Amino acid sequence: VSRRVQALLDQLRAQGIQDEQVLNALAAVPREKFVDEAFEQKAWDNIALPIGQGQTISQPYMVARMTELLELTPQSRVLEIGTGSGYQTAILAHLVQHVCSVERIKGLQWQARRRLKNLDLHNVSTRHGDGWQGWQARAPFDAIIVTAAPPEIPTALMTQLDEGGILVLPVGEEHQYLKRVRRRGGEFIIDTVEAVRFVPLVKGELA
């Protein structure tokens, strides 16, 4: 593993990431493939970077943290909202049996699908759509992860959780916090994790 890669991993560990499976997945996904050639030198810096349409690839720490919170196993059926570059999608694909991923901007969904195909990842289903609606046909899910921030928790994304299912998302506008929602019998339990700042999860009209 390259110097820049081990530098990132060490930084993430120092920042409290403990799941070595998640770190191993991070190491195995060529992050540079997910940003423009112009950002090649900084592709492994622990920062967000511009991707195709006013959107950004998330900071590797935030990716690791959110991925940890989902408590994934190789049996997990996962729903991801906000494919973007496909970077987080690729990470999840290394960890679980199947990932379904929804992106509202057709241009991004299309490029992401190709990238994942190019990485020999065959356990991913991608969709151009509005993730406020989840993906009912593929439901329920053991884990749902949202990489854009709605002002409220989308109802469908609780409904589509299986028993013991975990939803992880940033919530808010002026004040955003990362939240974990767990389905437990007749109840959902909502915990607050940390402060964050994401682009909004945009409702309806597909870009």
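We number the residues from 1 along the sequence you see.
Participant: Taking the recorded C-alpha temperature factors, which stretch has the higher mean, 150-158 or 171-179?
Facilitator: Averaging CA B-factors over each stretch, the winner is 171-179.
Participant: Looking only at CA atoms, which has the higher mean B factor in the entry: 5-13 or 187-195?
Facilitator: On average, C-alpha B-factors are higher across 5-13.
Participant: If you check the C-alpha B-factor for each of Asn118, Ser76, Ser101, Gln88 in the entry, which is highest?
Facilitator: The C-alpha B-factor peaks, among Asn118, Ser76, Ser101, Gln88, at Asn118.
Participant: Place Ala139 in the lowest, middle or highest third of its chain's C-alpha B-factors, as listed in the PDB entry.
Facilitator: As the PDB entry reports it, the C-alpha B-factor of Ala139 lands in the middle third of its chain.
Participant: Ranked by Cα temperature factor within the chain, is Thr83 in the lowest third, the middle third or the highest third?
Facilitator: Lowest third - that is where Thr83 ends up once the chain's C-alpha B-factors are sorted.
Participant: Would you mind ranking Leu92 by its C-alpha B-factor against the rest of the chain and naming the third, lowest, middle or highest?
Facilitator: According to the entry, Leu92 has a C-alpha B-factor in the chain's lowest third.
Participant: Select lowest, middle or highest to describe the third in which the CA B-factor of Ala38 falls within its chain in this entry.
Facilitator: As the PDB entry reports it, the C-alpha B-factor of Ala38 lands in the highest third of its chain.
Participant: Taking the C-alpha B-factors as the PDB entry records them, is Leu70 in the lowest, middle or highest third of its chain?
Facilitator: Its C-alpha B-factor belongs to the lowest third of this chain's values.
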